[PDB]
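# could you work out the structure for the sequence below:
(4 chains)
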Number of protein chains: 4
Amino acid sequence: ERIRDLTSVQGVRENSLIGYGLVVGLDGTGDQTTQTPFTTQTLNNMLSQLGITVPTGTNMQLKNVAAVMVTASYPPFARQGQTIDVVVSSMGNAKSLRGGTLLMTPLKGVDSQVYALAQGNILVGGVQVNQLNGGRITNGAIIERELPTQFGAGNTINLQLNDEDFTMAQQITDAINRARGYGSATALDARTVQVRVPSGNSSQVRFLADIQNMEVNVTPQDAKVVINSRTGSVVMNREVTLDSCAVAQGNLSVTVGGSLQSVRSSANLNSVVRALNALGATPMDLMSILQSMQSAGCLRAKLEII
Amino acid sequence: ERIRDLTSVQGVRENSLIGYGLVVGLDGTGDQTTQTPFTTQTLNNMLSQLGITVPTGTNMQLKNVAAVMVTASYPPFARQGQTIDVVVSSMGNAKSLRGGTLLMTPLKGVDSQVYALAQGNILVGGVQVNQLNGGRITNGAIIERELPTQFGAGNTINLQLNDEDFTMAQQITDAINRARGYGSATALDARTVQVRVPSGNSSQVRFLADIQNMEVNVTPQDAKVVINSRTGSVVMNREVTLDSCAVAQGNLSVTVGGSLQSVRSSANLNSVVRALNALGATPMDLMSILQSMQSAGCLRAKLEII
Amino acid sequence: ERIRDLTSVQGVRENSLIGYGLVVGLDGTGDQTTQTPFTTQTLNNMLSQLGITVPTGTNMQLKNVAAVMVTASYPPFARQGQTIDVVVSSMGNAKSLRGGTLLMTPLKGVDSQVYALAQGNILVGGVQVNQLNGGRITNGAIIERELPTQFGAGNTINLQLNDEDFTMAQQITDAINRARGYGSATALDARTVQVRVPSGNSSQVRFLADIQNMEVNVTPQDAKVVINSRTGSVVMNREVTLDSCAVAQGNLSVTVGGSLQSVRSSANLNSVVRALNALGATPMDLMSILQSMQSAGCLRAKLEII
Amino acid sequence: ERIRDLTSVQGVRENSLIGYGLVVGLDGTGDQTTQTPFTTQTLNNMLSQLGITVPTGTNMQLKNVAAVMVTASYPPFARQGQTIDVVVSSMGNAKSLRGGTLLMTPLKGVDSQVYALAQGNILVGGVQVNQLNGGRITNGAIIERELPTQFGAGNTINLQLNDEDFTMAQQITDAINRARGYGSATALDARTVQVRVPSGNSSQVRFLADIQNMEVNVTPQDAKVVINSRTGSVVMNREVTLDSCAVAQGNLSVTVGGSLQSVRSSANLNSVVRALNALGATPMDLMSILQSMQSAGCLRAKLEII
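Numbers count the residues shown, from 1 in each chain, chains lettered A, B, ... in the order given. See the structure here:
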């Protein structure tokens, strides 16, 4: 696996942008403004900013405008000329956003500063039906401000691991130590590896580029079972080991001569799958069987309800 | 890939224009002015600007006029004689904009200055039905003001990368360094490359023209999976690697002998596709299976809900 | 079994994050705001933070917004640039969260400090139906604060065992003592093993990485039976031993010549399963039979109602 | 039988944790808050702790939240980083807890101190129907405080027997005396055995580990019959002896020539079963027959109504 596939850089981080705006067009299917006054209020605010002053007492029963919230994603090292994608989601009573247009929404971050301006056409999908109050605009926001970053300062860069592991951190440190000279990398914990980098933006970029594509062997992570129980999904890891036991579950019986099937000890994932398949059960029954076994041991893994 | 296909220029940036206007004609299907007084108010304002003063107390039940918002796109280095396309979207209660005409809308930017004037005929499309409250006018706006730009000043131009990558930035810098002499380009971060350019508009334009068409080999970007879950779409990258595991999902069973299918370790995208296809599942089930696996590792990629 | 599969590290611990937020989009199926005023109140608070001040007296009957609680999981040694998964669960009257979007929720820990900010798109599953008021966002929260940790201090690390056992702790201590020199590890109790580690983050990480993958033979844990009685599941351990007895249960009779079946003494799990299967009973009857036997001895194991 | 299978250690004891919390999601099927005001009150308390102050006069008719009680199990020698399973049970009017999520419940012991914090996803089972107002979370609570224990102090450890017996205590003491030197173990009563242990945590752990796996022959415990009479179960011990008698029960007659069957003297459990089976009776009749015989002697065992 490449280093980039399991590790992020300390200075490279993403930021979240939010904003409020209006979507026009829509072929009807807009907000019922009698229940969403803020749509009309913000439309009037925009019109006043453009040069039209609507009288205070007005019906304002328009159905081609929907008030929406836009979520963006400030990319690392973003420049002013860059364009980023945005997600537009209806707020009030809008039935659909099929062919609407966003109107210059100023996107704001955690520090309440306008970082981008979003405007574009919504794309939504055409029984599993599509979500038609939520759309995406590709390159629908233009950045206006730059985050001051500390990349290229000092001489230590923290490669931050995903899915923390002392062994994986040691493997990454050793791989970098073989590639470069002695003392190039040093593991700080199960998640961070400090690499000594020369001063200067260019040389740091070159070193990170060389490091990122580098291949590292992945040690066996952990015996882990994932039970969702909300989407009816069960996933078992490669290192999951199963211990000999006996399981009895409602309405289940041996094929053949009754209930209380036996489960054999199995050190391989294929053997674990075969043993759990001999115990004929649906995934819904499988979750209960797995939890009951884990309560008694009998399952050499940790199961997480996800 | 050409440099232009993955990189923008620092001085070359796009601006967003907005405006409010009226669309006339429409074969009925206009605004219900009893619920949208601003349509009548702005029509009266336009008539007064033309020389007709409507009395204050009037019925104003006209159905051939629709109040619309126009969105434009100020192109880089735009001149006064240029014409740009605009998007016209209904505001109030208009049923359609099939054959309407826009009436000299002054388009405004973020700094509230009129940059273009938009006037033209709307084009809209003729069960998947077309959006007939949203249209486009080709060359429907004429520019009137020029943005002061800093292009051609100094001696450093920032080639700004899309889809930030330290390796891609290093590749671009190295390619430019091979093409030109030493020190021509220098990577500043994962997204910016500073190229040293001679003074003068003509020589900067020549250098950028020569650089833009240049071919650069694209390194493997990243193992990444995209799940939309709103349009029912799943996309997997070329570098997505799949680790051996066992997956159980509701109503799914081995073809053949029951639930809890096995997924083999696979380092190739074709092998990943084959392994996930042996697990017979619809895309809706595939999203849940992929998320559950990623929770347990078992999927050597990062998945983003888009 | 690997040491990592049955032991956690003292400094490596997980923390729980909580937060409150809003989900927008949803294709209707949102909160009935007449019964959940806090949804509208917090939406108004967010709008005021963005720059829109809704009047106090408003209908606020919007059905595209659902108030939700987000639960996160602060990983050990977490860095600021890291992203973690979150679980979004509806609070009020929301019918579904099929295609919603979370809006910058500040996640808080036990000490009431904001540790992460959560924003992303909800994924929910497509008779066993899926839970559609509960979803998960993968990498849907970005960390903002770092827990001060004491890892890499002192010279003693406590390997903490899961499923406490004096014999297992002694086995782990002995295995480490064979691998390293004398006095490297010392068992403190049935659950803790103190390993002497050299000073420094790098060397502690290296020692823990070497120790974690190490194989240790697992002694027979304990004779234990698990009865759930809520999911209808019975699990029996490998060490469960069965003593000779006679059992009579309602509507059960010998196959063949009446009630009061006999159960033979059996020192093997397979023989125990055969003896309990000769007594033809469903798991529901099996729980009562097992509890009744345990009341009389006759069952060389402890049974837990789980 | 291993010593661990019939004996607990004096210092090793379990503690019970309790807590109150909320479960969110649930696909409706939550509390009817008009009859359970405490659900809304505690939700408002949590929101205030998060930063949202609901007005005092509110409808609060939300059906996605259920007030629950969580029961945990503080394991012996528990550390701060450990995770333990919890049981979540509905309190008010909740119809189900199918896919809910627990929200940071502080678990409390007998001394009213917070010992763990519980948060996670509930797992419940999918005519014998499952209990869907009661679920379990695996590793759903993280410990925060450590019980001060006296293990490793003094030089005497009390092996405490389950199912008290003077003969079993003597057998355990003799077995330890053969394994170690003279005076190693001394029986104090029918339930306690004092073993002399050297000072120090490490040596006490080693001695207990060596002792725990040791095999000891189990003497015949006692002639005992268990009648449940609530689940219709009758269990008879291995030492149950039956004396010659005559029994008459309603609607029962000799197969063949009428009522008042004879029961032969029988010193073996198989012979006892045969004698009671010749008397053709259902378990319900068997309980009455056994109690009536025991009133007259005729049954060389003690019967307990369980």
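
# quick one, what contacts residue A:219?
Counting by C-beta atoms under 8 Å, 6 or more residues apart in numbering or on different chains, residue A:219 touches A:165, A:167-168, A:171, C:213. For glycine as for every other residue, the C-beta is placed from the backbone atoms N, C-alpha and C.

# which residues in the stretch 101-250 of chain A form strands?
A:101-102, A:105-108, A:114-118, A:134-143, A:156-161, A:185-187, A:192-196, A:224-227, A:233-236, A:241-242, A:245-249 (DSSP state E, counting those that start in this stretch).

# most packed of the ones you listed?
Mean neighbours per residue, mean count of other C-beta atoms under 10 Å in any protein chain shown, is largest over the strands of the stretch 101-250 of chain A for strand A:233-236, with a mean of 28.

# of the contacts of residue A:219, which is the most crowded?
residue A:168 (24 neighbours; other C-beta atoms under 10 Å in any protein chain shown).

# contacts only, for it.
Residue A:168 sits next to A:6, A:161, A:190, A:218-219, A:221 when contact means C-beta under 8 Å, 6+ apart.

# so of those residues, which ones are in helices?
Counting by DSSP state H, no part of the contacts of residue A:168 is found in helices.

# which residues are in contact with residue A:51?
Contacts of residue A:51 (C-beta under 8 Å, 6+ apart): residue B:20.

# look up how far residue B:9 lies from it.
With distances taken as C-beta to C-beta, to the nearest Å, residue A:51 is found 34 Å from residue B:9.

# what do you get for residue A:90?
From residue A:90 over to residue B:9 (counting by C-beta to C-beta), the distance is 36 Å.

# do residue A:290 as well
Per C-beta to C-beta, residue A:290 is found 57 Å from residue B:9.

# and if you look at residue A:111?
For residue A:111, the distance to residue B:9 equals 29 Å [C-beta to C-beta].

# so between these two, which is more surrounded?
residue B:9 (20 against 8).

# show me what the more buried one bridges to in the sheet.
Assessed by DSSP bridges, residue B:9 has beta-bridge partners residue B:159.

# so who does it touch?
Under the criterion of C-beta under 8 Å, 6+ apart, the neighbours of residue B:9 are A:81, B:157-160, B:208.

# cool, and residue A:31?
Residue A:31 sits next to A:39, A:63, A:65-67, A:91-94 when contact means C-beta under 8 Å, 6+ apart.

# rewinding a little: nearest to chain D among the contacts of residue B:9?
Nearest to chain D among these is residue A:81, at 37.8 Å by C-beta to the nearest C-beta.

# is the closest one in a helix, a strand, or coil?
The assignment at residue A:81 comes out as coil when based on DSSP: H, G, I helix; E, B strand; the rest coil.

# thinking residue A:68 is in contact with residue A:89, fair?
Yes: if you go by C-beta atoms under 8 Å, residue A:68 and residue A:89 touch, sitting 6.1 Å apart.

# shared neighbours of these two, anything?
Residues touching both residue A:68 and residue A:89 (C-beta under 8 Å, 6+ apart) are residue C:24.

# please identify which of the two sits among more neighbours.
For residue A:68 versus residue A:89, neighbours defined as other C-beta under 10 Å are more numerous around residue A:68 (31 against 28).

# residue A:294 sits in which helix or strand?
Using DSSP states H and E, residue A:294 maps to helix A:283-295.
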